[PDB]
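A lone chain, given as structure tokens: the form deposited in one PDB entry.
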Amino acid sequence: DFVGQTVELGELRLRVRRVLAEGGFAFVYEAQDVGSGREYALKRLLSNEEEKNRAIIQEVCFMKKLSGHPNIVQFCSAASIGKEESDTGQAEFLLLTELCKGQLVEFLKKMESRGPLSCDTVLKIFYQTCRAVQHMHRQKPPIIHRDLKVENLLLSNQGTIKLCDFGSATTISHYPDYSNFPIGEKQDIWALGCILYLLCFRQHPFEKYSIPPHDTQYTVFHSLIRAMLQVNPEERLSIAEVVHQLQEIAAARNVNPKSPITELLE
């Protein structure tokens, strides 16, 4: 019973239009600035515990830092209310960002009934997902996502991929402003490998794995999947190594992989 209310968030006045998503910790809402008419996604996270407080605030800090990238949702604002002040009896964290058109899976469900995903479209989805992850790995220190999966990805109004779930992300605090050691990036690449496999073959590679032996549609990706699913993390590709090859694939197919994925929009 949170929809219908108009909520202050700094000098923004926002009417809570409807529920886009739910789950455990949080709800996400479509909201509209009453004054300007502008639309946003508003994530409300409720907390009764200090540990959840830390998790929530860390997720917001991550979103602030990573905002500004084409493939990360744009952070607009955030605010809180202590327990003394809310109609939940709980700590309330409000996160405001750009509003996206929908979850990626919803669009995948609809394309599913029009054949297998075009290789070009898989390329655009994956490249854009990988550019977001590269943006996290390029931070000094690198930000590790740790829960990459296709369900968490969104599609923006402009038809590009947007990463939105930073609640499992981690990094090193108080890093001097020398080390060039791996610190978890490679787990992210494994997760990405599973996404590429999934997007191509519409199932998870594990429940050892096996690329379908007579696939002639997604052949172009086969070596990259295997390379990203190296058991040995030192042998596994970095995101720079993955993105490099994704650009070469793109060139080979004469595709702009950063362009709007307009095949998902029809």
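In this text, rigid core is short for the largest set of C-alphas that superpose within 1.5 Å between two forms. Just count from 1 along the sequence shown to find any residue number.
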Q. Do a third or more of the other compared PDB entries fail to give coordinates for residue 209?
A. yes
Q) In the deposited sequence, how many residues between residue 177 and residue 178 have no modelled coordinates (none, 1 to 3, 4 to 9, 10 or more)? A) 10 or more
Q.
Which is higher on mean Cα B factor in this entry, 39-47 or 65-73?
A. 39-47
Q) Comparing 109-117 with 168-176, where is the mean C-alpha B-factor higher? A) 109-117
Q. Between 241, 33, 59, 234, which carries the biggest CA temperature factor in the record?
A. 33
**Q.** Maximum C-alpha temperature factor, selected from 220, 229, 199, 211
**A.** 211
Q. What third of its chain's C-alpha B-factors does residue 86 belong to: lowest, middle or highest?
A. highest
Q: Among all modelled residues of this chain, ranked by Cα B factor, put residue 246 in the bottom, middle or top third, i.e. lowest, middle or highest.
A: lowest
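Same protein, other form: the form deposited in another entry, not shown, and the subject of what follows.
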(Q) Out of 157, 86, 74, 171, I need the residue that shifts by 2 angstroms or more at the Cα between the shown form and the other one, core superposed. (A) 86
(Q) For residue 183, does the CA position differ by 2 Å or more between the shown form and the other one when the superposition is done on the rigid core? (A) yes
